[PDB]
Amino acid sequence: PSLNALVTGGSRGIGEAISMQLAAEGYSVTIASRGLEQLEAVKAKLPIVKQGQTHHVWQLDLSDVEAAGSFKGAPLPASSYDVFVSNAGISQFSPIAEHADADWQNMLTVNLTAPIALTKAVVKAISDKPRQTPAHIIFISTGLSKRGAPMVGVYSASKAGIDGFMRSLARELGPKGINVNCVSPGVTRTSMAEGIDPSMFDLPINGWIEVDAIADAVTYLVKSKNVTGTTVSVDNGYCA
C-alpha cells in the first residue's frame, strides 16, 4: 500500500531529485511549489512502480505562512502523509549592513516561518494515527547553519533555526512514532547556487555535489527507524 510523501520545492534541483528517488521507492509523492507548469513536468517524470501509487501537484506559495499552516489548496489531507520533506528554501548573500529588508525578511519566512507552519499542520494531523513504523519529517538545511561564513548572516540564521526546530521536535515526537532529521547539503549544482561556487570554500573534496547525493541521504533516512534528532551532512567536508 503506497505511502504518501510531501516534498516542498519538489519541482526543481534537490527537491526534484528527492521526489524522483522517493517515487522510485514506491512513495506516492506530492510535490509543492509556485510554478504549475514546472510541477506538472516533474510529475510526468515520477516513476510509478507499485500499483496504487499516485503522484500529485500542489501549487503552493512557499512564502505564504497562512496557506502553509492551513494546508490551503493541497491535493490530499495533511493526515495522509507518512513522509514530509521540507526542501523549500531561498539563498541570499550580502554584508548584513546592506541586506535589503524586504529580501532578508522574505528569506526568513520562506526558510523558517512557513515550514514551521507547515510542520504544525502535518504533526497535528498525524500525531495520534496508529503506526507500527515511524513517520518521518526531514528538513533540508545547509552547512552554513553549523559553520559560519561571511555574508550569509540571515541565511545561516534561518536554517540554524530549522536545525533547532528539528532537534526539539525529535524529542517531542519520538514517543508518537515520528522521526525528525535534517539533511545538510554543501554547494550543490542548482539555482540558488547561481552566483556561489565550490572554489569559494575550503573543501576537502573539491568541486560540485550533484543533486542525487542529497537525495541518497533523504532516502536513507526515510528507510530508517532509529535515526532522529540528527543531521546527515553531504557537504564535501565543509563542516569537518
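Numbering starts at 1 and follows the sequence shown.
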| property | result |
| --- | --- |
| Average Cα temperature factor in the PDB entry - higher stretch of 136 to 144, 90 to 98 | 90 to 98 |
| Mean C-alpha temperature factor, higher of 3 to 11 and 230 to 238 | 3 to 11 |
| Out of 29, 182, 214, 193, highest CA B-factor residue | 193 |
| Most elevated Cα B-factor in the entry, residues 156, 109, 119, 127 | 127 |
| Third of the chain, ranked by Cα B-factor, where residue 103 sits | highest |
| Ranked against its chain, the third holding the CA B-factor of residue 165 | lowest |
| Chain-relative CA temperature factor third for residue 71 | highest |
